[PDB]
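> Sharing the initial chains of the complex here, in place:
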Amino acid sequence: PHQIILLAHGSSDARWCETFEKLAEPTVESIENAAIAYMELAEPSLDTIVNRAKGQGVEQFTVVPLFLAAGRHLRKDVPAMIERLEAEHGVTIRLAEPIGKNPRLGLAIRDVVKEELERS
């Protein structure tokens, strides 16, 4: 049917990857077959997730970027990567906006701030 993929900047720093794995955990636990993938440096790549899903019958995807913001390079490169994946694997991928554009993140930040004030 359809699969949702959380796309993070990868890293060779194990601490970075562990932080993102925990960030993705509530989604991965809650939503059927949701997965995190990394643009570079860490496994799994988007290709890896897409190849595995396709083997299981999935040709429709939604990519949710786990980015607070996207600069000029990300704005060009992520959609180019999506087109490349679509063409290579013969699948359809909707690129959602980065999570940093969603008002829920601003609200979460306020909640975190309130927690930090209670500590301070």
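Thanks, I have it. Numbers count the residues shown, from 1 in each chain, chains lettered A, B, ... in the order given.
> surely residue A:59 meets residue A:90?
Yes: taking contacts as Cβ atoms under 8 Å, residue A:59 lies within contact range of residue A:90: 7.1 Å. C-betas here are computed from N, CA, C, even on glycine.
> all helices of chain A, in order?
Assigned by DSSP state H, chain A shows helices spanning A:14-30, A:46-55, A:72-89, A:103-119.
> of those helices, which approaches residue A:1 most closely?
Nearest of the helices of chain A to residue A:1, taken as Cβ to Cβ: helix A:46-55 at 10.0 Å.
> Between helix A:72-89 and the closest one, find me the angle.
Orientation check (axes from the mean of the first three to the mean of the last three Cα atoms, to 10 degrees): helix A:46-55 against helix A:72-89 gives 30 degrees.
> Can you give me the buried ones in helix A:46-55?
Going by neighbour count (16 or more other Cβ atoms under 10 Å), the buried part of helix A:46-55 is A:46, A:49-51, A:53.
> chain center to stretch A:2-11: distance?
Relative to its parent chain, stretch A:2-11 has a centroid offset of 3 Å by Cα atoms, centre = their mean, to the nearest Å.
> okay, stretch A:5-24 in CSV with CA atoms only?
Provided in CSV are the C-alpha atoms of stretch A:5-24 (Å, rounded to 0.1, in the frame of the first residue of the first chain):
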residue,chain,number,x,y,z
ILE,A,5,9.6,7.6,6.0
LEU,A,6,11.1,10.2,8.4
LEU,A,7,14.2,11.6,6.6
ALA,A,8,17.1,12.8,8.8
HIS,A,9,20.6,14.1,8.2
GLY,A,10,22.7,11.2,9.0
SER,A,11,26.0,11.4,10.9
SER,A,12,29.0,9.2,11.7
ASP,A,13,28.6,10.3,15.3
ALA,A,14,26.7,7.5,17.1
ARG,A,15,25.3,10.0,19.6
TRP,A,16,23.6,11.9,16.7
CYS,A,17,22.1,8.8,15.3
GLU,A,18,20.9,7.7,18.8
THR,A,19,19.2,11.0,19.4
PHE,A,20,17.4,10.8,16.0
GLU,A,21,16.4,7.1,16.7
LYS,A,22,14.8,8.2,19.9
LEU,A,23,13.1,11.2,18.1
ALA,A,24,11.6,8.8,15.6
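> Drop chain B onto that structure:
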Amino acid sequence: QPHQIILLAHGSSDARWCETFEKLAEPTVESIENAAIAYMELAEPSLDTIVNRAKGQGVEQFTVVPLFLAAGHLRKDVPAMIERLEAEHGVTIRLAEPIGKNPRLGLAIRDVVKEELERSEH
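Time to bring in chain B:
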């Protein structure tokens, strides 16, 4: 009593980048007293400008909340900036964990992913 929150982002000359962070900060800065966004570099206001301003208004106690999903490098640079600002301005600045360490962010992300799934699967 009174405690200044500084939401700390990387800056950029990229307008869209800075706009996104300003919007991320906006519910906090409009909803609670003595809260401001500052940028580590390349954009204003800098951390020094925010500290200088809160200090010029009598604020002596600060907490920096990094607007980062995960820390880099930035593990070294920010503590050294905080030590310098504390000495230069005679203030106390706590460095909080980056927002990405907070379980609240993982839940928010799930909530966004549910909205996107509905959008794609309806």
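> Distance check, the closest residue in space to residue A:53 that isn't next to it in sequence against residue A:92.
Nearest in space to residue A:53, with sequence neighbours left out and distances taken as Cβ to Cβ, 6 or more residues apart in numbering or on different chains, is residue A:3 at 4.9 Å. Separation of residue A:3 from residue A:92 (Cβ to Cβ, to the nearest Å): 11 Å.
> Those two: which has the busier surroundings?
A direct count of neighbours by other Cβ atoms under 10 Å in any protein chain shown for residue A:3 and residue A:92 places residue A:3 higher, at 25 against 11.
> Any idea what that one is bridged to?
residue A:61 (DSSP bridges).
> which residues touch it?
Applying Cβ atoms under 8 Å, 6 or more residues apart in numbering or on different chains, we find residue A:3 in contact with A:33-35, A:49, A:53, A:58, A:60-62.
> Go again with 6 Å.
Contacts for residue A:3 (Cβ atoms under 6 Å, 6 or more residues apart in numbering or on different chains) come out as A:33, A:53, A:58, A:61.
> same check, this time on residue A:50
Residues near residue A:50 by Cβ under 6 Å, 6+ apart: A:85, A:89.
> Recalculate using a threshold of 10 Å.
A:3, A:5, A:37, A:44, A:58-59, A:61, A:63, A:85-86, A:88-89, A:91, A:93 (Cβ atoms under 10 Å, 6 or more residues apart in numbering or on different chains).
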